[PDB]
Structure formats: structure tokens, C-alpha cells
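Asker: There's a structure below that I have some questions on.
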Protein chains: 2
Amino acid sequence: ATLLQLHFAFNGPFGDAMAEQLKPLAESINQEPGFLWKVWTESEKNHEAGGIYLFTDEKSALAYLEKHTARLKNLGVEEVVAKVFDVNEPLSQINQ
Amino acid sequence: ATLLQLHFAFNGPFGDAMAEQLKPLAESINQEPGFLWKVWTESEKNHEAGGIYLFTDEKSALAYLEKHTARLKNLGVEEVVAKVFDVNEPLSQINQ
């Protein structure tokens with residue numbers, strides 16, 4: 001599997017306000033091909049947000065990354081910090 | 001719930017070789033205070049490795065980060081790129 005980790009400068013909303021505002025966005029991610037799950041990350045303290053995504057394959061993950069990076073611009077995000085990694089299943093299974 | 005995202009330059013082992021080698025390490029992590037789960041990440045083509053961790057609280061996450069970043073020096077890992085984030089539960093539940 002492929003893990004996508006992303007974060008970026010963000011000035012809010014955070015917490016329950018973020019959940020309410022970005023609910024539609026979250027639901028749309030579920031319709032993405034190859035998508036398995038996502039953990040939403042946020043740090044009001046450091047003014048940043050992002051997410052950890054698990055995709056079935058790298059191609060699916062890269063396609064989403066490019067698209068989401070474009071979309072993020074509509075929220076005022078000019079730079080996205082992201083890394084694409086392979087997941088080590090054996091080790092991950094032990095720690096889950 | 002606090003999420004820890006870490007990665008760093010790495011020269012190996014990778015894949016099953018990594019799974020066999022670090023298996024003992026994965027078992028000890030399960031014993032760490034406040035530990036919930038970890039996803040092992042790796043990229044042989046980019047010569048990098050790391051992990052995504054979930055801890056019950058920030059102090060537990062920060063305690064482990066301090067301990068782990070120090071231990072990694074033994075594997076030759078001089079520097080580590082780390083980020084500590086809060087998790088948005090509502091949105092994360094939608095995407096799982």
C-alpha cells in the first residue's frame with residue numbers, strides 16, 4: 001500500500017468548527033479511487049493542517065495529491081508539504 | 001489523541017529485509033506509554049523511512065519522540081523530520 005502524508009499552513013477553522021466546515025470535503029474523499037482511509041491532522045498552535053492518507057497503490061495516491069494540491073489553492077494554500085511512501089505491512093501489522 | 005509523523009534519510013534494510021530486521025523494534029514499541037498504533041513507512045528509491053504514530057496524549061507522543069530520535073542515531077540517522085499534530089476525530093471517522 002501507499003501512504004500519503006501532507007500538511008500545510010492553515011489559519012482555521014480548527015476543531016469542531018473544522019469538522020463542520022470541511023465535512024463535504026471529507027465525504028468527497030471517500031469517492032476517490034484507491035482511497036482506503038485518512039487521518040485528519042491539525043495544529044491551531046502552529047497554524048497548520050493536513051492529513052495522512054492510505055491508498056491501495058502509488059498511482060492512485062499521486063493522482064489525488066496533484067488534484068488536492070490544486071484544490072488547496074482555493075483555500076489560500078500556496079505550498080503543500082507532502083511525501084509518498086510505501087507501507088511496510090509486516091511491521092505495521094505488529095503495531096496495530 | 002496526538003499524531004506523530006516522522007521520516008528521515010535511510011539506507012536500508014527495506015521491505016521484507018526491514019520487516020525481519022526491525023521486528024524486535026516493532027514489538028518493543030507496542031510497550032511504549034500511551035502508544036496506540038504505528039504505520040511503518042519506507043521509500044527505497046528515495047532512500048527514506050519513517051512512521052506515523054498515534055498516541056493517547058501529547059506528552060506521551062513527545063516522550064517517545066525524544067527517545068526514538070536519540071535511538072535512531074544508532075542506525076546512523078543524524079536528523080529526523082518530525083511533526084506533532086492533533087487529530088480531528090469527526091472528519092477522520094468520516095474517512096474510515
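Lettering and numbering for the C-alpha cells are positional, with chains as A, B, ... in the shown order, residues counted from 1 in each chain, and ligands counted from 1 in the shown order.
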Compute the chain A side of the contact with chain B at 7 Å, counting only C-alpha atoms, and hand it back as a ChimeraX atom specification.
Answerer: /A:15,19,23,26-27,30,37-43,85-88,90-92,94-96
Asker: Using only N, CA, C and O atoms, please write the residues we just selected to a file, as an mmCIF file, in the first residue's frame.
Answerer:
```
data_model
loop_
_atom_site.group_PDB
_atom_site.id
_atom_site.type_symbol
_atom_site.label_atom_id
_atom_site.label_comp_id
_atom_site.auth_asym_id
_atom_site.auth_seq_id
_atom_site.Cartn_x
_atom_site.Cartn_y
_atom_site.Cartn_z
ATOM 1 N N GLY A 15 -10.769 22.281 15.122
ATOM 2 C CA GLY A 15 -11.720 21.578 15.969
ATOM 3 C C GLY A 15 -13.075 21.274 15.358
ATOM 4 O O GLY A 15 -13.177 21.005 14.162
ATOM 5 N N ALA A 19 -14.538 20.449 11.454
ATOM 6 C CA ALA A 19 -15.318 19.274 11.093
ATOM 7 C C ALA A 19 -16.616 19.672 10.394
ATOM 8 O O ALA A 19 -17.061 19.009 9.458
ATOM 9 N N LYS A 23 -16.730 19.042 6.272
ATOM 10 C CA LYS A 23 -17.462 17.785 6.161
ATOM 11 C C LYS A 23 -17.683 17.365 4.695
ATOM 12 O O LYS A 23 -17.458 16.206 4.337
ATOM 13 N N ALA A 26 -14.544 16.029 3.216
ATOM 14 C CA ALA A 26 -14.245 14.696 3.725
ATOM 15 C C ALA A 26 -15.064 13.629 3.012
ATOM 16 O O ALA A 26 -14.544 12.572 2.639
ATOM 17 N N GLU A 27 -16.350 13.896 2.814
ATOM 18 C CA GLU A 27 -17.202 12.927 2.139
ATOM 19 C C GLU A 27 -16.753 12.677 0.696
ATOM 20 O O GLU A 27 -16.863 11.552 0.200
ATOM 21 N N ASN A 30 -14.005 10.026 0.108
ATOM 22 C CA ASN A 30 -14.436 8.629 0.103
ATOM 23 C C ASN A 30 -14.749 8.091 -1.300
ATOM 24 O O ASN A 30 -14.769 6.875 -1.504
ATOM 25 N N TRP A 37 -8.250 5.116 3.738
ATOM 26 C CA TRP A 37 -8.635 5.909 4.901
ATOM 27 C C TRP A 37 -7.786 7.150 5.045
ATOM 28 O O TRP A 37 -6.747 7.283 4.402
ATOM 29 N N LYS A 38 -8.251 8.075 5.876
ATOM 30 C CA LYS A 38 -7.499 9.283 6.108
ATOM 31 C C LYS A 38 -7.614 9.737 7.540
ATOM 32 O O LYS A 38 -8.682 9.649 8.144
ATOM 33 N N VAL A 39 -6.497 10.204 8.086
ATOM 34 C CA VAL A 39 -6.480 10.740 9.436
ATOM 35 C C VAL A 39 -6.242 12.224 9.243
ATOM 36 O O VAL A 39 -5.235 12.623 8.661
ATOM 37 N N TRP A 40 -7.181 13.041 9.710
ATOM 38 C CA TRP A 40 -7.057 14.485 9.576
ATOM 39 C C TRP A 40 -6.209 15.056 10.694
ATOM 40 O O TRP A 40 -6.483 14.829 11.868
ATOM 41 N N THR A 41 -5.191 15.813 10.324
ATOM 42 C CA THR A 41 -4.305 16.408 11.301
ATOM 43 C C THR A 41 -4.490 17.919 11.339
ATOM 44 O O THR A 41 -4.847 18.539 10.337
ATOM 45 N N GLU A 42 -4.258 18.508 12.504
ATOM 46 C CA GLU A 42 -4.386 19.947 12.661
ATOM 47 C C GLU A 42 -3.552 20.414 13.840
ATOM 48 O O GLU A 42 -3.285 19.652 14.771
ATOM 49 N N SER A 43 -3.119 21.664 13.775
ATOM 50 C CA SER A 43 -2.351 22.270 14.846
ATOM 51 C C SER A 43 -2.649 23.758 14.847
ATOM 52 O O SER A 43 -2.026 24.528 14.118
ATOM 53 N N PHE A 85 5.076 7.400 0.481
ATOM 54 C CA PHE A 85 5.849 6.268 0.987
ATOM 55 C C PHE A 85 5.162 4.929 0.768
ATOM 56 O O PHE A 85 3.948 4.855 0.583
ATOM 57 N N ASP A 86 5.960 3.870 0.802
ATOM 58 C CA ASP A 86 5.438 2.525 0.709
ATOM 59 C C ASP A 86 5.218 2.157 2.168
ATOM 60 O O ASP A 86 5.939 2.627 3.044
ATOM 61 N N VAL A 87 4.213 1.344 2.442
ATOM 62 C CA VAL A 87 3.960 0.934 3.810
ATOM 63 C C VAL A 87 4.583 -0.442 4.022
ATOM 64 O O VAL A 87 4.484 -1.304 3.147
ATOM 65 N N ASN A 88 5.228 -0.659 5.168
ATOM 66 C CA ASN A 88 5.798 -1.979 5.438
ATOM 67 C C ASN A 88 4.692 -2.716 6.178
ATOM 68 O O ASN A 88 4.430 -2.453 7.349
ATOM 69 N N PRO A 90 4.253 -6.075 7.202
ATOM 70 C CA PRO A 90 4.622 -6.914 8.350
ATOM 71 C C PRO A 90 4.790 -6.119 9.647
ATOM 72 O O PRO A 90 4.188 -6.444 10.671
ATOM 73 N N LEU A 91 5.602 -5.068 9.593
ATOM 74 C CA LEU A 91 5.847 -4.227 10.755
ATOM 75 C C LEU A 91 4.599 -3.456 11.178
ATOM 76 O O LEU A 91 4.305 -3.338 12.368
ATOM 77 N N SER A 92 3.852 -2.937 10.209
ATOM 78 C CA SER A 92 2.639 -2.192 10.532
ATOM 79 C C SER A 92 1.602 -3.097 11.203
ATOM 80 O O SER A 92 0.875 -2.662 12.096
ATOM 81 N N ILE A 94 2.164 -5.578 13.202
ATOM 82 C CA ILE A 94 2.566 -5.802 14.580
ATOM 83 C C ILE A 94 2.150 -4.627 15.463
ATOM 84 O O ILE A 94 1.718 -4.815 16.598
ATOM 85 N N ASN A 95 2.276 -3.417 14.928
ATOM 86 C CA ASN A 95 1.942 -2.210 15.676
ATOM 87 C C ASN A 95 0.544 -1.654 15.426
ATOM 88 O O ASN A 95 0.353 -0.438 15.388
ATOM 89 N N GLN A 96 -0.433 -2.540 15.270
ATOM 90 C CA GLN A 96 -1.802 -2.109 15.036
ATOM 91 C C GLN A 96 -2.831 -3.030 15.680
ATOM 92 O O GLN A 96 -2.423 -4.059 16.266
#
```
Asker: Can you give me chain B superposed onto chain A, least-squares on all Cα in order, written as a compact mmCIF listing (two decimals) with N, CA, C and O atoms, in the first residue's frame?
Answerer:
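As written to disk, selection30.txt reads:
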```
# COMPACT_ATOMS: atom_id res chain seq x y z
N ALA B 1 0.24 -1.00 -1.08
CA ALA B 1 -0.34 0.14 -0.31
C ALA B 1 0.63 1.32 -0.23
O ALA B 1 1.77 1.17 0.21
N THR B 2 0.17 2.49 -0.65
CA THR B 2 0.99 3.69 -0.63
C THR B 2 0.44 4.70 0.37
O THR B 2 -0.77 4.96 0.40
N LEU B 3 1.32 5.26 1.18
CA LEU B 3 0.92 6.24 2.17
C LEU B 3 1.31 7.64 1.73
O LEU B 3 2.41 7.88 1.24
N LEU B 4 0.38 8.56 1.92
CA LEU B 4 0.62 9.94 1.56
C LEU B 4 0.59 10.75 2.85
O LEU B 4 -0.37 10.65 3.62
N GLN B 5 1.65 11.50 3.12
CA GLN B 5 1.62 12.34 4.30
C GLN B 5 1.73 13.77 3.82
O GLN B 5 2.64 14.12 3.07
N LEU B 6 0.76 14.58 4.24
CA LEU B 6 0.69 15.98 3.85
C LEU B 6 0.38 16.92 4.99
O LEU B 6 -0.35 16.56 5.91
N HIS B 7 0.94 18.12 4.92
CA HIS B 7 0.65 19.16 5.90
C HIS B 7 0.96 20.49 5.22
O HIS B 7 1.61 20.52 4.16
N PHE B 8 0.49 21.58 5.80
CA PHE B 8 0.69 22.89 5.22
C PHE B 8 0.23 23.96 6.19
O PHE B 8 -0.45 23.67 7.17
N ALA B 9 0.63 25.20 5.91
CA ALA B 9 0.23 26.32 6.75
C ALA B 9 -1.29 26.41 6.62
O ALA B 9 -1.83 26.20 5.54
N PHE B 10 -1.97 26.72 7.72
CA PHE B 10 -3.43 26.82 7.70
C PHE B 10 -3.88 27.81 8.78
O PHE B 10 -3.34 27.82 9.88
N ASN B 11 -4.87 28.65 8.46
CA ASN B 11 -5.35 29.64 9.41
C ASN B 11 -6.72 29.33 9.99
O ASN B 11 -7.28 30.15 10.72
N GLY B 12 -7.25 28.16 9.68
CA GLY B 12 -8.55 27.80 10.21
C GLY B 12 -9.56 27.47 9.13
O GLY B 12 -9.31 27.71 7.95
N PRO B 13 -10.73 26.93 9.50
CA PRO B 13 -11.17 26.61 10.86
C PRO B 13 -10.43 25.43 11.48
O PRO B 13 -9.74 24.68 10.78
N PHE B 14 -10.60 25.25 12.78
CA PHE B 14 -9.99 24.15 13.52
C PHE B 14 -11.04 23.44 14.37
O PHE B 14 -12.16 23.92 14.50
N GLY B 15 -10.68 22.29 14.93
CA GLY B 15 -11.59 21.54 15.78
C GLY B 15 -12.98 21.27 15.22
O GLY B 15 -13.12 20.84 14.08
N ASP B 16 -14.01 21.50 16.03
CA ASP B 16 -15.37 21.26 15.57
C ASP B 16 -15.75 22.20 14.43
O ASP B 16 -16.52 21.83 13.55
N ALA B 17 -15.21 23.41 14.46
CA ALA B 17 -15.49 24.37 13.41
C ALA B 17 -15.00 23.79 12.08
O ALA B 17 -15.67 23.90 11.05
N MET B 18 -13.82 23.15 12.12
CA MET B 18 -13.25 22.52 10.93
C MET B 18 -14.08 21.31 10.54
O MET B 18 -14.37 21.09 9.36
N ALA B 19 -14.48 20.51 11.53
CA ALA B 19 -15.28 19.32 11.27
C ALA B 19 -16.59 19.68 10.59
O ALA B 19 -17.03 18.99 9.67
N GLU B 20 -17.22 20.76 11.04
CA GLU B 20 -18.48 21.20 10.44
C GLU B 20 -18.26 21.70 9.02
O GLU B 20 -18.99 21.32 8.11
N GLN B 21 -17.26 22.55 8.84
CA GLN B 21 -16.95 23.13 7.54
C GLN B 21 -16.52 22.15 6.46
O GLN B 21 -17.09 22.15 5.37
N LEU B 22 -15.52 21.33 6.76
CA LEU B 22 -15.00 20.40 5.77
C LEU B 22 -15.69 19.06 5.66
O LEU B 22 -15.26 18.20 4.90
N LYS B 23 -16.77 18.88 6.41
CA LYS B 23 -17.50 17.63 6.37
C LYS B 23 -17.82 17.20 4.94
O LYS B 23 -17.67 16.02 4.58
N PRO B 24 -18.27 18.14 4.09
CA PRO B 24 -18.59 17.80 2.70
C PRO B 24 -17.35 17.29 1.97
O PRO B 24 -17.43 16.40 1.12
N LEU B 25 -16.20 17.87 2.30
CA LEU B 25 -14.94 17.48 1.68
C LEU B 25 -14.55 16.06 2.09
O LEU B 25 -14.07 15.29 1.27
N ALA B 26 -14.76 15.73 3.36
CA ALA B 26 -14.43 14.40 3.85
C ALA B 26 -15.28 13.36 3.13
O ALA B 26 -14.81 12.27 2.82
N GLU B 27 -16.54 13.71 2.85
CA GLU B 27 -17.43 12.78 2.17
C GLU B 27 -17.01 12.53 0.72
O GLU B 27 -17.11 11.41 0.24
N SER B 28 -16.52 13.56 0.04
CA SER B 28 -16.10 13.39 -1.35
C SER B 28 -14.80 12.58 -1.46
O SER B 28 -14.59 11.86 -2.43
N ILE B 29 -13.93 12.71 -0.46
CA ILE B 29 -12.67 11.97 -0.46
C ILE B 29 -12.94 10.46 -0.46
O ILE B 29 -12.21 9.69 -1.09
N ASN B 30 -13.99 10.05 0.23
CA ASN B 30 -14.34 8.63 0.29
C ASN B 30 -14.61 8.08 -1.11
O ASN B 30 -14.54 6.88 -1.34
N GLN B 31 -14.92 8.98 -2.05
CA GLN B 31 -15.21 8.57 -3.41
C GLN B 31 -13.98 8.52 -4.31
O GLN B 31 -14.04 8.02 -5.44
N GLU B 32 -12.86 9.03 -3.82
CA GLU B 32 -11.64 9.05 -4.62
C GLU B 32 -11.14 7.65 -4.96
O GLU B 32 -11.22 6.72 -4.16
N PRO B 33 -10.62 7.48 -6.19
CA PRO B 33 -10.09 6.20 -6.67
C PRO B 33 -8.91 5.71 -5.83
O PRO B 33 -7.98 6.47 -5.55
N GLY B 34 -8.95 4.43 -5.45
CA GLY B 34 -7.88 3.83 -4.67
C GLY B 34 -7.76 4.29 -3.23
O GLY B 34 -6.82 3.91 -2.53
N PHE B 35 -8.72 5.09 -2.78
CA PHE B 35 -8.71 5.60 -1.42
C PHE B 35 -9.09 4.54 -0.40
O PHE B 35 -10.05 3.80 -0.60
N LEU B 36 -8.34 4.49 0.70
CA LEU B 36 -8.61 3.52 1.77
C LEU B 36 -9.03 4.23 3.06
O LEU B 36 -10.06 3.89 3.65
N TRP B 37 -8.24 5.20 3.50
CA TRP B 37 -8.58 5.95 4.69
C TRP B 37 -7.73 7.21 4.82
O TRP B 37 -6.72 7.36 4.14
N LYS B 38 -8.18 8.12 5.67
CA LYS B 38 -7.48 9.36 5.89
C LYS B 38 -7.62 9.79 7.33
O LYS B 38 -8.68 9.66 7.94
N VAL B 39 -6.52 10.30 7.88
CA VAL B 39 -6.53 10.81 9.24
C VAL B 39 -6.29 12.30 9.06
O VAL B 39 -5.29 12.70 8.46
N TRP B 40 -7.22 13.11 9.54
CA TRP B 40 -7.10 14.56 9.43
C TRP B 40 -6.25 15.06 10.58
O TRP B 40 -6.49 14.72 11.73
N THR B 41 -5.26 15.88 10.26
CA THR B 41 -4.38 16.43 11.27
C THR B 41 -4.54 17.94 11.31
O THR B 41 -4.86 18.57 10.30
N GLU B 42 -4.30 18.52 12.48
CA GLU B 42 -4.43 19.96 12.63
C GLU B 42 -3.66 20.44 13.84
O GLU B 42 -3.52 19.72 14.83
N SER B 43 -3.15 21.66 13.75
CA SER B 43 -2.44 22.28 14.86
C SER B 43 -2.74 23.77 14.85
O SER B 43 -2.13 24.53 14.11
N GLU B 44 -3.70 24.19 15.67
CA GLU B 44 -4.06 25.60 15.73
C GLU B 44 -2.92 26.46 16.27
O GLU B 44 -2.68 27.56 15.76
N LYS B 45 -2.21 25.98 17.28
CA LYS B 45 -1.11 26.74 17.85
C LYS B 45 0.02 26.94 16.85
O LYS B 45 0.73 27.95 16.89
N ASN B 46 0.20 25.99 15.94
CA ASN B 46 1.25 26.11 14.93
C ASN B 46 0.69 26.57 13.59
O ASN B 46 1.43 26.72 12.62
N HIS B 47 -0.62 26.80 13.55
CA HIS B 47 -1.29 27.23 12.33
C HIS B 47 -0.95 26.32 11.16
O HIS B 47 -0.42 26.77 10.15
N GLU B 48 -1.26 25.04 11.31
CA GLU B 48 -0.99 24.06 10.27
C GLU B 48 -2.11 23.03 10.25
O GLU B 48 -2.88 22.91 11.20
N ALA B 49 -2.20 22.31 9.15
CA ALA B 49 -3.21 21.28 9.00
C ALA B 49 -2.73 20.36 7.90
O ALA B 49 -1.80 20.69 7.17
N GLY B 50 -3.36 19.20 7.78
CA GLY B 50 -2.96 18.26 6.75
C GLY B 50 -3.69 16.95 6.92
O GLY B 50 -4.80 16.89 7.46
N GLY B 51 -3.07 15.88 6.45
CA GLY B 51 -3.70 14.58 6.57
C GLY B 51 -2.77 13.46 6.18
O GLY B 51 -1.77 13.68 5.49
N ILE B 52 -3.09 12.26 6.65
CA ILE B 52 -2.34 11.07 6.34
C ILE B 52 -3.31 10.23 5.54
O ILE B 52 -4.42 9.96 6.00
N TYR B 53 -2.90 9.82 4.35
CA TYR B 53 -3.75 9.01 3.49
C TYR B 53 -3.14 7.66 3.18
O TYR B 53 -1.92 7.49 3.12
N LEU B 54 -4.03 6.70 2.94
CA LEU B 54 -3.62 5.37 2.56
C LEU B 54 -4.35 5.07 1.25
O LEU B 54 -5.58 5.18 1.19
N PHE B 55 -3.60 4.73 0.21
CA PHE B 55 -4.18 4.39 -1.09
C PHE B 55 -3.75 2.98 -1.48
O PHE B 55 -2.73 2.48 -1.02
N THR B 56 -4.53 2.35 -2.35
CA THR B 56 -4.24 1.00 -2.81
C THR B 56 -2.95 0.91 -3.60
O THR B 56 -2.27 -0.12 -3.58
N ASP B 57 -2.61 1.98 -4.31
CA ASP B 57 -1.40 2.01 -5.12
C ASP B 57 -0.86 3.42 -5.26
O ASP B 57 -1.55 4.40 -4.97
N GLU B 58 0.37 3.52 -5.74
CA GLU B 58 1.02 4.81 -5.91
C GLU B 58 0.37 5.74 -6.93
O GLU B 58 0.25 6.94 -6.67
N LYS B 59 -0.03 5.22 -8.09
CA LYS B 59 -0.64 6.10 -9.09
C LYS B 59 -1.91 6.75 -8.55
O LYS B 59 -2.18 7.91 -8.83
N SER B 60 -2.68 6.00 -7.76
CA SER B 60 -3.91 6.53 -7.17
C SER B 60 -3.54 7.62 -6.17
O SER B 60 -4.20 8.66 -6.09
N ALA B 61 -2.49 7.37 -5.39
CA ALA B 61 -2.02 8.32 -4.39
C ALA B 61 -1.50 9.59 -5.05
O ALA B 61 -1.77 10.70 -4.58
N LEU B 62 -0.75 9.42 -6.14
CA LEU B 62 -0.20 10.56 -6.85
C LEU B 62 -1.29 11.34 -7.59
O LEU B 62 -1.20 12.56 -7.70
N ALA B 63 -2.30 10.64 -8.09
CA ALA B 63 -3.40 11.29 -8.80
C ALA B 63 -4.13 12.22 -7.84
O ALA B 63 -4.40 13.38 -8.15
N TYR B 64 -4.44 11.69 -6.66
CA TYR B 64 -5.13 12.48 -5.65
C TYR B 64 -4.26 13.64 -5.17
O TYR B 64 -4.76 14.76 -4.98
N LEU B 65 -2.97 13.39 -5.00
CA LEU B 65 -2.06 14.44 -4.54
C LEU B 65 -2.09 15.62 -5.50
O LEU B 65 -2.12 16.78 -5.07
N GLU B 66 -2.08 15.33 -6.79
CA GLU B 66 -2.11 16.39 -7.79
C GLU B 66 -3.42 17.18 -7.69
O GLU B 66 -3.42 18.40 -7.66
N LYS B 67 -4.54 16.46 -7.64
CA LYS B 67 -5.85 17.08 -7.54
C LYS B 67 -6.04 17.89 -6.27
O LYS B 67 -6.53 19.02 -6.30
N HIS B 68 -5.66 17.30 -5.14
CA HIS B 68 -5.81 17.95 -3.85
C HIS B 68 -4.93 19.18 -3.68
O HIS B 68 -5.39 20.22 -3.22
N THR B 69 -3.65 19.08 -4.04
CA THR B 69 -2.77 20.22 -3.89
C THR B 69 -3.29 21.41 -4.71
O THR B 69 -3.14 22.56 -4.31
N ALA B 70 -3.92 21.13 -5.84
CA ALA B 70 -4.47 22.20 -6.68
C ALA B 70 -5.69 22.84 -5.99
O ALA B 70 -5.81 24.06 -5.94
N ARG B 71 -6.59 22.00 -5.47
CA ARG B 71 -7.81 22.47 -4.78
C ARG B 71 -7.50 23.31 -3.55
O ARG B 71 -8.23 24.25 -3.23
N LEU B 72 -6.44 22.92 -2.85
CA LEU B 72 -6.04 23.61 -1.63
C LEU B 72 -5.71 25.06 -1.87
O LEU B 72 -5.79 25.88 -0.96
N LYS B 73 -5.33 25.39 -3.10
CA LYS B 73 -5.02 26.78 -3.39
C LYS B 73 -6.24 27.66 -3.15
O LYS B 73 -6.11 28.84 -2.84
N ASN B 74 -7.43 27.07 -3.28
CA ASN B 74 -8.68 27.80 -3.06
C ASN B 74 -8.81 28.20 -1.60
O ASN B 74 -9.37 29.26 -1.28
N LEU B 75 -8.30 27.36 -0.71
CA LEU B 75 -8.32 27.62 0.73
C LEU B 75 -7.17 28.55 1.08
O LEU B 75 -6.93 28.84 2.25
N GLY B 76 -6.44 29.01 0.06
CA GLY B 76 -5.32 29.90 0.30
C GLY B 76 -4.00 29.19 0.57
O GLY B 76 -2.99 29.83 0.87
N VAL B 77 -4.00 27.86 0.46
CA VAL B 77 -2.80 27.05 0.67
C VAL B 77 -1.91 27.11 -0.57
O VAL B 77 -2.14 26.39 -1.54
N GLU B 78 -0.90 27.97 -0.52
CA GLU B 78 0.02 28.17 -1.63
C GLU B 78 0.94 26.98 -1.88
O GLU B 78 1.10 26.52 -3.01
N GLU B 79 1.56 26.49 -0.81
CA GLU B 79 2.47 25.36 -0.91
C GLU B 79 2.07 24.24 0.05
O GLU B 79 1.44 24.49 1.08
N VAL B 80 2.43 23.02 -0.31
CA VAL B 80 2.11 21.85 0.49
C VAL B 80 3.37 21.00 0.67
O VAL B 80 4.14 20.84 -0.27
N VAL B 81 3.57 20.48 1.87
CA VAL B 81 4.71 19.62 2.17
C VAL B 81 4.18 18.21 2.07
O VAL B 81 3.44 17.75 2.94
N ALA B 82 4.58 17.51 1.02
CA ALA B 82 4.10 16.16 0.80
C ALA B 82 5.21 15.12 0.70
O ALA B 82 6.32 15.40 0.25
N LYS B 83 4.87 13.90 1.12
CA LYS B 83 5.78 12.78 1.08
C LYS B 83 4.97 11.56 0.70
O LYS B 83 3.86 11.37 1.20
N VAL B 84 5.52 10.74 -0.19
CA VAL B 84 4.85 9.52 -0.60
C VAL B 84 5.75 8.37 -0.13
O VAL B 84 6.95 8.37 -0.42
N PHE B 85 5.17 7.43 0.60
CA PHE B 85 5.93 6.29 1.13
C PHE B 85 5.23 4.96 0.89
O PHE B 85 4.02 4.91 0.70
N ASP B 86 6.02 3.89 0.89
CA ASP B 86 5.47 2.55 0.78
C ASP B 86 5.24 2.20 2.24
O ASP B 86 5.86 2.80 3.11
N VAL B 87 4.37 1.25 2.51
CA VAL B 87 4.10 0.86 3.88
C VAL B 87 4.68 -0.53 4.14
O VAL B 87 4.54 -1.43 3.30
N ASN B 88 5.35 -0.72 5.27
CA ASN B 88 5.89 -2.04 5.59
C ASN B 88 4.77 -2.74 6.34
O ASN B 88 4.52 -2.44 7.51
N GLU B 89 4.09 -3.67 5.68
CA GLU B 89 2.97 -4.38 6.28
C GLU B 89 3.29 -5.20 7.52
O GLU B 89 2.59 -5.11 8.53
N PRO B 90 4.35 -6.02 7.48
CA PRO B 90 4.71 -6.84 8.64
C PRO B 90 4.85 -6.03 9.94
O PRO B 90 4.18 -6.33 10.94
N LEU B 91 5.71 -5.01 9.92
CA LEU B 91 5.93 -4.17 11.10
C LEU B 91 4.66 -3.40 11.50
O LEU B 91 4.36 -3.27 12.68
N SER B 92 3.91 -2.92 10.51
CA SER B 92 2.68 -2.18 10.80
C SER B 92 1.66 -3.09 11.50
O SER B 92 0.95 -2.65 12.41
N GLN B 93 1.60 -4.35 11.10
CA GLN B 93 0.67 -5.30 11.73
C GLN B 93 1.07 -5.53 13.19
O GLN B 93 0.21 -5.67 14.06
N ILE B 94 2.37 -5.57 13.45
CA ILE B 94 2.83 -5.76 14.82
C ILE B 94 2.34 -4.61 15.70
O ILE B 94 1.91 -4.83 16.84
N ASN B 95 2.36 -3.41 15.15
CA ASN B 95 1.94 -2.22 15.88
C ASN B 95 0.50 -1.73 15.70
O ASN B 95 0.25 -0.53 15.58
N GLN B 96 -0.45 -2.67 15.69
CA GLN B 96 -1.86 -2.35 15.56
C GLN B 96 -2.69 -3.40 16.29
O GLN B 96 -2.08 -4.37 16.80
```
Asker: Go through chain B and collect every residue that DSSP, computed from the backbone, puts in alpha helix (DSSP H); the answer should be as a ChimeraX atom specification.
Answerer: /B:15-29,58-72,89-94
